[PDB]
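What follows is one structure encoded as structure tokens, with my remarks underneath.
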């Protein structure tokens with residue numbers, strides 16, 4: 001639970017060896033028919049990041065490269081990206097309030113590589129600043145391809161910011177240069193500032209369930225979900241308010257919004273559970289309440305506040321927006337120069353990732369720069385500087401717009 | 001980028 | 001039930017009949033019934049009442065003897081009733097409707113048959 005570094009994975013890397021080189025192993029995960037893998041999601045790690053007076057950051061045995069009495073202080077975290085070029089737009093949803101970024105380049109595909117800056121194309125509005133140059137061809141074709149290919153990849157670094165950390169030519173099946181890669185991600189990647197004593201909040205992302213058949217009714221049960229901190233550090237056992245929570249159906253007033261808070265026990269931390277919520281990673285929040293409400297799949301997209309919080313939540317929405325004048329990065333000369341990105345039509349489905357929550361976007365009135373919308377469910381107020389409008393243009397989603405709360 | 005010629009000698013002379 | 005069983009004991013008492021025959025064919029008849037529940041509540045009197053929903057599970061575990069609540073139906077569970085007596089039926093009904101009639105209305109929750 002320390003760093004939310006991102007990664008940009010196109011087709012055919014070999015992904016379990018590189019991610020498990022930087023996350024150790026996979027978590028025990030479950031409850032199939034999950035959510036479609038182009039939606040919002042988060043990563044994790046079963047490792048940590050450290051050193052041993054050593055460029056090498058091994059796995060937690062203390063001798064095997066050599067000694068160095070590892071600092072059992074923190075745990076590394078991560079954000080997932082499977083190895084196909086589809087993984088653009090939900091990652092650019094994730095490329096706003098994460099921590100850093102990996103940058104994946106193969107040599108298996110086209111060597112005048114099309115996809116990487118087709119992938120990395122929000123280096124201005126949101127944050128995209130900490131990367132690495134990472135060659136993934138040591139296997140098939142030797143030093144001629146890599147020889148011209150380092151000139152290829154240094155033909156990327158000029159105004160498109162592709163120079164954050166220089167070339168690492170590897171195949172992660174050998175796990176090579178992970179001493180040098182770990183030295184880069186210790187030293188050459190910093191840790192950005194946070195806030196500590198702020199009142200903590202969370203929007204719920206990835207719910208779970210812990211009452212499989214075969215136990216007693218006297219067990220402690222409740223609602224476990226997933227999340228990651230935007231502010232504060234969340235302790236155990238207080239008035240943890242969720243402000244509308246359930247969709248308040250047939251709500252006739254304003255004070256007919258229900259006061260519902262909870263408590264908390266589990267905050268999963270790979271071996272333990274530090275009861276103050278360690279940010280910079282996936283936090284394993286489990287609520288006290290025993291309903292049909294939260295511990296089902298019913299709850300994704302609600303706030304974590306306290307008694308007497310500030311945001312009042314209704315549907316009155318007006319947004320100021322603009323668009324993108326092509327489909328971002330995609331330009332194929334074999335009959336693909338008309339992937340047209342059309343203006344906001346009335347009553348059209350969208351994806352409005354306000355902050356970091358996927359609710360589908362409905363619209364009601366269209367001007368050239370502002371729009372009055374109404375949304376599919378009651379949705380909290382998070383930020384005005386980004387309202388990440390996405391929209392159907394192909395089989396999966398792509399992001400099209402940037403918004404502003406008015 | 002000295003890391004690349006470090007690979008070019010040692011890594012490819014010893015490993016893949 | 002006639003444990004005064006004397007007066008021509010045939011044998012020691014009933015030998016060939018009581019080795020398996022008296023015991024062997026009791027022929028008890030019973031029909032499975034599965035009276036359900038659906039209680040929940042919401043609020044901070046609902047956090048007290050969701051504590052009280054969990055102790056309602058405890059309460060129909062230990063007080064009036066409904067036996068072996070299992071966890072097979074993940075929204076809401078079952079409580080068992082089998083006739084060896086048949087008079088568990090009116091007791092379970094009286095207590096479940098005492099739950100709906102005094103327990104839930106003091107804590108502002110949702111429940112019916």
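Here, each number is a calculation from the coordinates, and none is a lab measurement. Note that we place each Cβ from the backbone using ideal geometry, even for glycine, and neighbour counts take in every protein chain shown.
Some notes on this structure:
- Taken over the stretch A:385-406, residues that are in a loop (DSSP other than H, G, I, E, B) and more than 19 Å from the chain's Cα centre (by Cα) amount to 4.
- Criterion applied to C:67, C:4, C:72 was being away from every other protein chain (no Cβ under 14 Å) and under 28 Å from residue C:84 (Cβ atoms), and the one residue passing it is C:4.
- Among the conditions (1) under 20 Å from residue C:46 (Cβ atoms); (2) within 14 Å of chain C (Cβ to nearest Cβ); (3) surrounded by 15 or more Cβ atoms within 10 Å (Cβ to Cβ), the only one that residue A:204 does not satisfy is (2).
- The single residue among A:215, A:182 that is in a helix (DSSP H, G or I) and out of contact with any strand residue (DSSP E or B) (no Cβ under 9 Å at 6 or more places or on another chain) turns out to be A:182.
- Within the stretch C:44-64, restricting attention to residues that are within 13 Å of residue A:217 (Cβ to Cβ) and within 7 Å of chain A (Cβ to nearest Cβ), the residue that is surrounded by the most Cβ atoms within 10 Å (Cβ to Cβ) is C:53.
- Number of residues in the stretch C:1-50 that are within 30 Å of residue A:294 (Cα to Cα) and out of contact with any strand residue (DSSP E or B) (no Cβ under 8 Å at 6 or more places or on another chain) equals 5.
- Which listed residue, of A:300, A:233, is touching a strand residue (DSSP E or B) at 6+ places or on another chain (Cβ under 9 Å) and more than 11 Å from chain C (Cβ to nearest Cβ): A:300
- Scanning the stretch C:32-43 for residues that are part of a strand (DSSP E or B) and under 18 Å from residue A:262 (Cβ atoms), we see that the one that is nearest to the other protein chains (Cβ to nearest Cβ) is C:40.
- Residue within the stretch A:84-107 that is farther than 23 Å from residue A:189 by Cβ, within 14 Å of another protein chain (Cβ to nearest Cβ) and either surrounded by 22 or more Cβ atoms within 10 Å (Cβ to Cβ) or over 17 Å from the mean Cα position of the chain (by Cα) (or both) present: yes
- Residue in the stretch A:312-335 that is surrounded by fewer than 20 Cβ atoms within 10 Å (Cβ to Cβ), within 14 Å of chain C (Cβ to nearest Cβ) and assigned to a loop (DSSP other than H, G, I, E, B) present: no
- The set of residues in the stretch C:70-113 that are touching a helix residue (DSSP H, G or I) at 6+ places or on another chain (Cβ under 6 Å) and closer than 25 Å to residue A:293 by Cβ comprises C:79, C:107, C:108, C:109, C:111.
- Residue check, residue A:275 within 13 Å of chain C (Cβ to nearest Cβ) and either under 27 Å from residue A:44 (Cβ atoms) or part of a loop (DSSP other than H, G, I, E, B) (or both): no
- Each residue in the stretch A:208-223 was checked for being more than 10 Å from chain C (Cβ to nearest Cβ) and buried (at least 19 other Cβ atoms within 10 Å of the Cβ), and 1 of them qualify.
- Checked against (1) more than 30 Å from residue A:350 (Cα to Cα); (2) crowded, with 22+ Cβ neighbours inside 10 Å, residue A:81 meets all criteria but (1).
- If you go through the stretch A:125-139 and keep only what is within 13 Å of chain B (Cβ to nearest Cβ), in a loop (DSSP other than H, G, I, E, B) and closer than 18 Å to residue A:78 by Cβ, you end up with just A:132.
- All positions within the stretch A:336-378 that are in contact with a strand residue (DSSP E or B) (Cβ under 7 Å, 6 or more places away or on another chain), within 24 Å of residue A:243 (Cβ to Cβ) and in a loop (DSSP other than H, G, I, E, B): A:355, A:356, A:357, A:373, A:375, A:376, A:377
- Considering only residues in the stretch A:140-199 that are more than 10 Å from chain B (Cβ to nearest Cβ), over 22 Å from residue A:122 (Cβ atoms) and touching a helix residue (DSSP H, G or I) at 6+ places or on another chain (Cβ under 6 Å), the one that is surrounded by the fewest Cβ atoms within 10 Å (Cβ to Cβ) turns out to be A:175.
- Some residue of the stretch A:245-260 being touching a helix residue (DSSP H, G or I) at 6+ places or on another chain (Cβ under 6 Å), within 14 Å of chain C (Cβ to nearest Cβ), surrounded by fewer than 19 Cβ atoms within 10 Å (Cβ to Cβ) and assigned to a loop (DSSP other than H, G, I, E, B): no
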